[PDB]
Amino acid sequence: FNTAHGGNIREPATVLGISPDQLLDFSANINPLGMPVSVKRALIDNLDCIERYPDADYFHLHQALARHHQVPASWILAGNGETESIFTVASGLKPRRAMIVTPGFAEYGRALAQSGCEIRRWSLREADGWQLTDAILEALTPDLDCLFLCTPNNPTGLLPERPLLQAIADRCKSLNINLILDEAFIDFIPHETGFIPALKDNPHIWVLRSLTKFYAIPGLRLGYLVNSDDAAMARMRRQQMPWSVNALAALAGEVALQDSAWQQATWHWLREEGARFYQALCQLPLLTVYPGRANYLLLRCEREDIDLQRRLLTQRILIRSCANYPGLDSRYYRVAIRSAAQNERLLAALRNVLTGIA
């Protein structure tokens, strides 16, 4: 099969002729700790709120997000998943010319194509280990309207250094280029604040955030966009679709942000099991594992003519094939980092495929 996004367990299970609950999914990167306790309680206790429309202005949710980031509520716009925020920014900025970095999340290109923009692709290089380098600076030109970066990048998991991002931000300010930073996974990286704390003096920077992966609520759909340009955000708001965020997602979001132990618990797990996982994967023969900073890792299979996703699916483990990402080929795959036990089943499966081969 050829799926545009991971997490397609129903489709994968159908390919094998079995029930989705029989697959162990490593193709979507959801926090393994599961749904925050308080969130589950809040949903059960306030389920009747679905009998009314959500607040079209999402006052409570926006206030919660603003309190969390200590920024004016006017700088924030919640969306039906960060995927909606990507389409919102693309349609609201309507760039004539925009640059994206490949490989990267497919939706940037989809949103830009539909908005009628001329798309330029800045290609990351295998020889550079897929890292974003300062070579992109010379590629930025006055005629560019937007530049979209993913920090960290999906699927490589690599995080551009702060100095390089500042240099890019500064050149964009100077060349009148809007800089959109997709921080969907920034919460997972222990010491990483992102750019929200620097928007006050940078109205040309837009930050995309998601709550689905970090708080394990991808099924609720919730993300948001943050920007300090009063006029531009007003435009995003008046052009938006009404009631995009469902009432339970708004509730879960507000509650999730109250859990003051969640961030630490997640970072500890990533620091312990996540590092142990990277290590074990690197020990496997015929496999290159890139140093991802969040809860997923890009793998490059060195074994010739072998479909790792097909072989692991036979063992009822679903992984992401990155062959469809521009710039990557059939040797590349991506796996989530999950609980130790689940990670152990993935490793044992990879070993059967890669161990004892000349």
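Start at 1 with the first residue shown and count on from there.
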### Mean Cα B-factor comparison, 324 to 332 or 30 to 38, giving the higher one as deposited
30 to 38
### Task
Could you settle it for me: does 270 to 278 or 77 to 85 have the higher average Cα B factor in the PDB entry?
270 to 278
### Summary
Per the deposited B-factor column, the C-alpha that peaks among 116, 129, 197, 157 belongs to 116
### Among 293, 60, 311, 303 - the residue whose C-alpha B-factor is largest in the record
303
### Query
Within this chain, which third does the Cα B-factor at residue 11 fall in: lowest, middle or highest?
middle
### Message
Per the entry's values, where does residue 212 land by CA temperature factor relative to the rest of its chain, in the lowest, middle or highest third?
### Response
highest
### Task
Classify residue 142 as lowest, middle or highest third according to the C-alpha B-factor given in the PDB entry, relative to its own chain.
highest
### Task
Using the B-factors in the PDB entry, rank residue 251's C-alpha atom against the chain and give the third, lowest, middle or highest.
highest
### Query
Comparing residue 120 with the other modelled residues of its chain, is its CA B-factor in the lowest, middle or highest third?
middle
